[PDB]
Asker: 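My structure is below; once you've seen it, I'll send some questions.
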Amino acid sequence: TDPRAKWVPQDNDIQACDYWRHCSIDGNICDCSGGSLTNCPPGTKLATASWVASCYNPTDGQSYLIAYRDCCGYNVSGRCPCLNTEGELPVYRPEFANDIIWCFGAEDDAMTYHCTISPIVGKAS
Amino acid sequence: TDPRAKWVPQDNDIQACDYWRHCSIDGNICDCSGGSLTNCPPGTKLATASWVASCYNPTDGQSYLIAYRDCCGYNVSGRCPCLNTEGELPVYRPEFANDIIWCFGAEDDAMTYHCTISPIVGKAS
Amino acid sequence: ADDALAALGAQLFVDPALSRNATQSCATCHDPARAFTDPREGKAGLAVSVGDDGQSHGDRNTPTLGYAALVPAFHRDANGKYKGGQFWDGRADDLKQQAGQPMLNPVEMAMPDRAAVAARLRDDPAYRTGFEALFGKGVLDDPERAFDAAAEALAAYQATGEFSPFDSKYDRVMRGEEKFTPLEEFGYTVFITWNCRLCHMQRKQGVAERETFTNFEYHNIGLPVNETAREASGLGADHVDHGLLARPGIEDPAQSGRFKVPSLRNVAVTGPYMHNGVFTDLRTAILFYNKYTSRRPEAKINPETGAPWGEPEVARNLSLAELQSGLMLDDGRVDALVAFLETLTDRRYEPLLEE
Amino acid sequence: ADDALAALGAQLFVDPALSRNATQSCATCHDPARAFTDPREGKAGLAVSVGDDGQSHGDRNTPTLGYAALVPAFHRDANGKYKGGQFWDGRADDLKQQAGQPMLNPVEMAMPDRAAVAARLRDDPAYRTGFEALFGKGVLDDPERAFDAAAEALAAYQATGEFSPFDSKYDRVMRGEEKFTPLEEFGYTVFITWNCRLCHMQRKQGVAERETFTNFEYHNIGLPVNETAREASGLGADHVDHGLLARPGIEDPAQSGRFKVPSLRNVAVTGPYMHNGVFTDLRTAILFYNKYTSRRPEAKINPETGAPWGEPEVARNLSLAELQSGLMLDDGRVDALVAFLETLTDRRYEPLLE
Amino acid sequence: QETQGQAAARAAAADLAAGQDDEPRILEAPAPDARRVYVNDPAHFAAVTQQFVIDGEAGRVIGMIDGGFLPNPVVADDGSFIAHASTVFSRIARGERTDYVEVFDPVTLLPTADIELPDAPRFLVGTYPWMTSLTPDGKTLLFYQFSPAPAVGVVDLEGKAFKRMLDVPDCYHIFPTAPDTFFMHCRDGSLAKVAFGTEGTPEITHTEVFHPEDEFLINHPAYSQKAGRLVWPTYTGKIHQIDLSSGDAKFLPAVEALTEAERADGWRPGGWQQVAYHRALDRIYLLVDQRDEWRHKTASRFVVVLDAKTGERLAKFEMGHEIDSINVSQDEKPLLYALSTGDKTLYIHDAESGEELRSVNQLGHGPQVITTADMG
Amino acid sequence: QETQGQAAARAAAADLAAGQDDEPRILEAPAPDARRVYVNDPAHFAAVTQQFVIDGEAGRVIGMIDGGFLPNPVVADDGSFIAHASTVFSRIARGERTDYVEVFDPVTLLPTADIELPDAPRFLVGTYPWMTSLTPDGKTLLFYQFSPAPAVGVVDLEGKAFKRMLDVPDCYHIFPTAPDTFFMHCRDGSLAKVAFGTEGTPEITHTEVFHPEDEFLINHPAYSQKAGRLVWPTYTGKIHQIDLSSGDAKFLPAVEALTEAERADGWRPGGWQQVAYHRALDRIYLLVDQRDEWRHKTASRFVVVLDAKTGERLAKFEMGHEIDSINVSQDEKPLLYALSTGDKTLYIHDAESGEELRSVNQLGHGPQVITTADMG
Ligand code: HEC
Ligand code: HEC
Ligand code: HEC
Ligand code: HEC
Ligand SMILES: [Ca+2]
Ligand SMILES: [Ca+2]
Ligand code: NA
Ligand code: NA
Ligand code: NA
Ligand code: NA
């Protein structure tokens, strides 16, 4: 709850803002609006673009690349809102920036933010 | 503060939900978004249509007819929300019904709800 | 003094000796038995009034004198809105400036000049006593002083309780002496929630001490010409009644077609309706407003004729903001409004309500 | 035995006796010194390879054999997408089915038949020893068994650690043995966040145990004809390379013009690029993808020619959803991608980088 | 006791450990079933709004639907589709108004129809479920127009086109009973039966007056189309029941949801969707509390359950929350749904014991309308 | 001590008692002045949003402006007009996208220009004040585009028309210095000067790199167009000051907002608008607190004040709330504005003593951006 304190990752609940894969998530967890950890809710459109972070997993002591992708074409879900910034850099380093609405490549040119999924796309380094 | 308790009018603060003229108000007090008790905020449109209520004024022991008028063309203000229903009747008696968006006659055919004003139009009877 | 001035006015008011052929008094066109309106049939029905010559018709309907004394003197408020005055077009500032005009109007009482009026007053011993007691000796010898004093007297008379009794059922209900029927109460609620309240209530907000159901403003509601009345008046097919623009000093073309909002008091008994008496029935006057709101075909048809209401006499400066309410009056609400307006009848005219 | 089988394939791989006029082996077009590709300049440059007759050219670029062993057998997955197999069009099920085909290809090694192959193997005493020890006595006397056995040895050989060492800089950085340079890390980050990773990663999500930077799928990225290579091929100007639609059994018109996603390992040293070797430079291959994203006039221009890229050979079935990402790669990001892809070079090919 | 969020963390962890791969994609909602529940959020008159699609058995959000200004949601009883009538403006809340109907696939949640409604004809009001209504066959949507006069819009969902407006008397609400027929409640205290065609004045017939002018029938009656049962509470918890199953109105005995003693002690119904009706069980559920007579839109903390035939009280549940709206699933062992506008939370109760089972929070800004499909 | 709501109640009672009439009408906002403050609510990525126009001295909302999806607000320094670049869709958040610029009269709030931006060219991002920018003469609006590449749109407000997109390098933010000139911050560590004549390719000049790759410059620098002062803090509170008054960039001496000892103690800037700059006083204001290095977007409870010329600390205030954004009025004895996203409240402080004077609550869902006009 101390918002300024160093972020403490857990691996027990994907809907909480301290879940390890959400280390640089911005917006809402898609699992709270009909998606899942790594899938978009029905009616929304999955972006191909992504921002990236290296998120430490406390379970196996390994650091993974989470490439956050947005589900787009819906108004923001308003469920499980979260904002974390582990290794998040300013806009001029967009690959690591999370204020940006990464809805690019989404079907039907959907550009409104609904929620974010947290898939692993590699080990860090 | 007990929501189910009988409504208790005061005549000392127009931004409070217990202000006497607000006895059958539904929505937002215009005074809280740049209007006043009986005027609409800039950029909005004054409806000519109204709903009525007999509201008791604790200052002078008189019951006055308040013909509420909506200020329209803006998204709901979100400030000083209030819902009171003194004498409020169901929709089939629309002159006393306060769920209806009473935006008819507003300039530019504005029909969105922003806030409500509380002018006196007569004495009760 | 206050009593005497008025009592003098009472005499002048019923005196036909103020007309050229002496056939006609104020009371001829403003009949106390008909809420001070004209019950006489002319070439245009009861729409316009026949003058002293027995042939000349006016172009405007004869309004009630009841409650006229409540109207403020003509002025423009800070809103740029003209308010008050007398006549449908407010060309007279007040009751006094108005009073003498029918006397000199050739289509009405038809006296040639002030001297001829002074002369008639001079002939009556009762006037010599009455006038001189109030205005000084030799008043009737000065055509200007005599005409002005007669105006003064007539104005004072119209300001008495006789003309504004406030004893209608509505007034009694507002005092708590009795209650509205469900229909009247519905009509009242409609009247104060619909666009009517925007023009037919004294105030924008708050409560009026002496409500007479007019804001005293000028509005063009877009009425057609009354064809038989316009024919009878003889003003010509090409004539346009500009309403307020006709007042000398008013040059603003936006005032063209605007008329003074009439007090709705005694409206049920002062038909026919509007500045040119175009509508016979109270219901019809009410239904006219539906032309701006209803989409049904019937809404643009005058039920008295079965034909369209008609092209407006002045198709500019219409009060569209107030008129285009977005809500149509169904028959139940029209019934309700009729019933409410009937409660605006002074007690002495309640027996007239049956006809 | 599995060591011996590979050892036999090692012999066959460099043996020109498997070509009609004994001028070429597998190693001739798949040169172990050039990441198992063809260094020889032909009528169309390095775009297409010359066969045993000294005249015939193919219509397709000779791909690397490195990491081909990691490709699954050809199949259609639950999503309806074809995956795996061998050849740019996947017409071979796997390495075994593929191995014998260059031998009998008239525009390649050009042996008339399996019998002719068997006869050549039979002439070698070491093959009679090597084959019979593995497959039984008289194997080389049966053309069908001899051919199939040769195919199995070559496939087995292609499956050895030598073809897939996983000793590239990428592999070392992923074992925590060293770090990417600033430029390389940027390249990698761009690669995994931009559309590249949609086709050039094994899995959609998770971590691959043995990444080869291909999902094994088939895609039409809308490449033009390679004019001089098509000319050298002799297939005619009327000819259209229909890609995967050419595989026998594939009838679905939606597969026309689609080609197997190549592995990007050793990409820095295996130019020219694409199924028809149209682009000589790696940077060009990268810049091609900008034609679907960038609105700058220069995005329409092949920098190698200074002329428009050219219309797609097959105008339909383009992977537009993936290709039209909405984002242009600037020169800094292209530099970064080149830098990252250079780390996909096997240790033994690192001297080739200059 | 393990939450959906914990179970998912567990599964994701096992997938990572097992090296299991999956493709990021657009999910389908599970097939429409009896325990699907829809929660609409009129958002206290905001220009844009949200509907939440919920699995009542798991207490999970399975999908959402965006809407404009005070849209009217409908749900096909057979589960084949959902729809709403909605309103948008060219510049958020200002500019050109477009009224339109959308039909949605119930598993993809994709719009299958977008039907423009000419001349902005929708009634803009705090959401009443029965101001927009489907015919039993689900081929027609009917919507109420208030301005310039009471009217009913006819939308052909099959042909995906607007058909016509119907002129009706001074009446309110739309309760369809047949492909071409619905009932309305009239100011004069009667019901109007409206039988309509593609053209021609509709055949409008008034029933007898069934209540006095000083009994106030709430804006949120319950209507079971499959039973033809209209359950209409008054401000005092007196309940009018009208049987429309014959196709004509039949007036059933009135029942009192509260006892005389309770009424003497200030017990009144109150909230938004104050009444629910279970068809198979023939049961009435009413939101009640101790309140002043003019506090009829406030939350209630109790639901009374009564037999629709006898008026006999079967239960009084203490809900334990500020509840504005109720509704029930229409299957055996039904769920009692209890929505809190203040908490923005749908509370899911066992309708037999009244026990809170689970809850779905964060349901917008001011969620008010619960809809379920009667699929049995 | 009498609140605005109480004073209003007495005046209304006096009017009623004296029989004073008044016409219900549309109010005009008071003339723009130094103490007017705008608060924008991006509403946590909601499809529609709100701007609040506030009188800072009274602590009163004097007006509002509706916006779409993450609009960019601008406010002309001379007080002559306000504007935003905004984004709408034909079905709430789905369908056809329209990007557009609106100019508003600052007393009527009426739109005086609505300028459509072709090909949906806006950069959609958490609101950064300097992603959209007026030229000093106020006749031109410049907006940033990220897709397909960094680019800058030229909107002529005088002719109420879109002009063209300018190709730029890999650079970010727009700081206008002249009618035909703006600076950007580039990935390589330089600033880009962009000079655009009425036609052709712009002339782009880079300065020398002024910060290393490992030094992170925040998304919300302060820029005073009238001073030509660019105040850019890093993640550690190190402050870059660039003078642009001569028309070219001149790099002022670097200054540290925190002490070395505070940095070691974990003191770091954090929030949204973390820096304000007062022009007349030449004074820098910074939101700081104790925090982990990657909690850079969290609220801060402290503000430090330092001389821009010398970098001496002049004050340190304990704000008493969770503050995300700060700004100041540009008049003498200025107000310090402290906006809490969490509380939805603007806290108005005396900039000299740091004392809380008054507050305006209920400012949307997640208010983040404070704008003031520099009128002196
Ligand atoms: C020939 C019939 C006739 C006679 C006689 C007559 N009037 Fe009138 N009166 C009218 C007409 C017609 C109007 C309206 C004309 C207009 O608006 O131009 C009118 C209007 C008035 C008005 C203005 C009322 C209002 O609401 O605007 C007053 C006051 C008035 N008359 C009083 C008098 C007095 C006093 C006398 C006697 C000196 C008198 N009238 C004689 C027909 C008559
Ligand atoms: C735009 C202001 C305005 C509104 C709104 C308005 N009126 Fe009027 N009313 C007038 C004016 C002006 C006249 C005189 C018109 C004329 O003759 O030129 C008038 C005339 C009348 C008359 C005839 C009275 C007479 O003496 O001739 C009746 C009856 C009437 N109105 C009733 C109504 C009712 C009922 C409503 C509500 C449906 C209503 N009005 C709405 C301004 C208004
Ligand atoms: C004449 C030059 C030439 C010779 C000799 C040659 N190849 Fe090839 N190789 C090619 C070309 C060209 C292709 C691509 C043809 C196609 O895609 O249709 C290819 C494709 C392959 C592939 C498929 C790789 C992939 O990624 O799809 C394998 C495996 C292969 N060859 C192995 C061999 C073996 C084993 C031999 C010895 C029998 C051999 N090659 C001889 C030129 C040659
Ligand atoms: C739609 C799937 C897809 C996407 C997205 C994609 N590629 Fe490719 N790539 C392919 C296919 C398929 C080929 C072979 C094309 C052919 O020859 O027909 C290919 C060929 C290449 C080659 C030539 C390698 C060789 O051996 O010839 C390079 C280099 C390459 N891609 C790099 C990239 C980079 C860098 C990106 C991201 C900017 C990218 N690709 C995006 C599928 C894709
Ligand atoms: Ca009359
Ligand atoms: Ca190659
Ligand atoms: Na006539
Ligand atoms: Na004039
Ligand atoms: Na070529
Ligand atoms: Na085929």
Side-chain angles (χ1 to χ4, degrees), chain C residues 9 12-16 18-19 23-31 36-38 40 42-53 56-69 71 84-92 94-105 107-111 117 150-151 153-155 157-158 163 214 216 224-233 241 243 246 259-263 272 275-280 304-305, chain D residues 34-35 37-38 46-47 60-64 262 266-267 269-280 282 285:
Chain C
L12 302 165
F13 191 84
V14 288
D15 196 357
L18 308 170
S19 61
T23 66
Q24 178 162 279
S25 59
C26 304
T28 307
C29 299
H30 303 276
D31 194 316
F36 307 103
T37 63
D38 186 1
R40 297 174 306 153
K43 294 194 277 154
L46 269 81
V48 290
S49 288
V50 186
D52 176 70
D53 61 31
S56 299
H57 287 63
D59 199 51
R60 293 184 180 153
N61 179 248
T62 297
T64 188
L65 299 190
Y67 303 90
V71 178
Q86 298 291 155
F87 288 132
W88 289 94
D89 58 5
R91 69 187 179 283
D94 56 21
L95 286 171
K96 189 192 164 162
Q97 211 223 320
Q98 191 287 332
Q101 304 195 22
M103 289 180 220
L104 305 189
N105 194 339
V107 311
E108 298 179 346
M109 304 175 76
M111 302 293 281
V117 169
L154 283 161
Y157 177 51
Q158 289 165 286
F163 286 83
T214 165
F216 317 116
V225 168
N226 185 349
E227 291 303 330
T228 61
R230 173 56 52 76
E231 186 179 345
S233 68
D241 190 336
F259 294 88
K260 180 165 70 50
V261 178
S263 168
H275 72 254
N276 57 14
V278 68
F279 307 134
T280 285
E304 287 176 19
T305 63
Chain D
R34 224 186 85 117
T37 58
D38 196 350
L46 272 55
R60 290 191 183 150
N61 187 241
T62 299
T64 184
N266 298 316
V267 70
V269 292
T270 62
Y273 301 103
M274 307 300 173
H275 69 255
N276 60 17
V278 59
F279 313 133
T280 70
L282 180 58

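Here is the naming used below: chain letters follow the sequence lines, and residue numbers restart at 1 for every chain. We count ligands from 1, going down the list as the structure has it; atoms in each ligand are counted the same way. Hydrogens, waters and symmetry mates play no part in the numbers below; they use all other heavy atoms, side chains included.
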Asker: Do the side-chain N and O atoms of C:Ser49 and C:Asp38 include a donor-acceptor pair separated by under 3.5 angstrom?
Answerer: yes
Asker: So, is C:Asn61 polar-close to ligand 1, with some N/O to N/O distance under 3.5 Å?
Answerer: no
Asker: Hey, what's the ring geometry for C:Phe163 with C:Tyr157, parallel, tilted or perpendicular (30° and 60° as the breaks)?
Answerer: perpendicular
Asker: At the 4.0 Å heavy-atom cut-off, does C:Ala68 count as touching ligand 1?
Answerer: no
Asker: Could you check atom 26 (O) of ligand 1 against the protein and tell me its nearest heavy-atom contact, residue, atom and distance included?
Answerer: C:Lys260 NZ, 3.2 Å
Asker: Angle at the Ca ion (ligand 6) between O of D:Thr270 and O of D:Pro272, to 10°?
Answerer: 90°
Asker: Under 3.5 Å, N or O to N or O, is C:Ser49 touching ligand 1 that way?
Answerer: no
Asker: Would C:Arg91 count as a polar contact of ligand 1, with the cut-off being nitrogen or oxygen pairs under 3.5 Å?
Answerer: yes
Asker: Out of all atoms in ligand 1, which are within 4.0 Å of some heavy atom of C:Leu95? Include the element for each.
Answerer: 29 (C)
Asker: With heavy atoms of C:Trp88 as the reference, note each atom of ligand 1 found under 4.0 Å away.
Answerer: 14 (C), 17 (O)
Asker: Give the residue, atom name and distance (to 0.1 Å) of the protein heavy atom nearest atom 39 (C) of ligand 1.
Answerer: C:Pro102 CG, 3.5 Å
Asker: Please confirm if an N, O or S atom belonging to C:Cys26, backbone or side chain, lies less than 2.8 Å from atom 8 (Fe) of ligand 1.
Answerer: no
Asker: Which angle, to 10 degrees, forms at the Na ion (ligand 7) with OD1 of C:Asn226 on one side and OG1 of C:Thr228 on the other?
Answerer: 90°
Asker: How far is atom 40 (N) of ligand 1 from its nearest protein heavy atom, and which residue and atom is that?
Answerer: C:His30 NE2, 3.0 Å
Asker: Counting non-hydrogen protein atoms only, what is the nearest one to atom 27 (O) of ligand 1? Give residue, atom name and distance.
Answerer: C:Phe87 N, 2.7 Å
Asker: Heavy atoms, side chains only, cut-off 4.5 Å: are C:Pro63 and C:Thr37 in contact?
Answerer: no
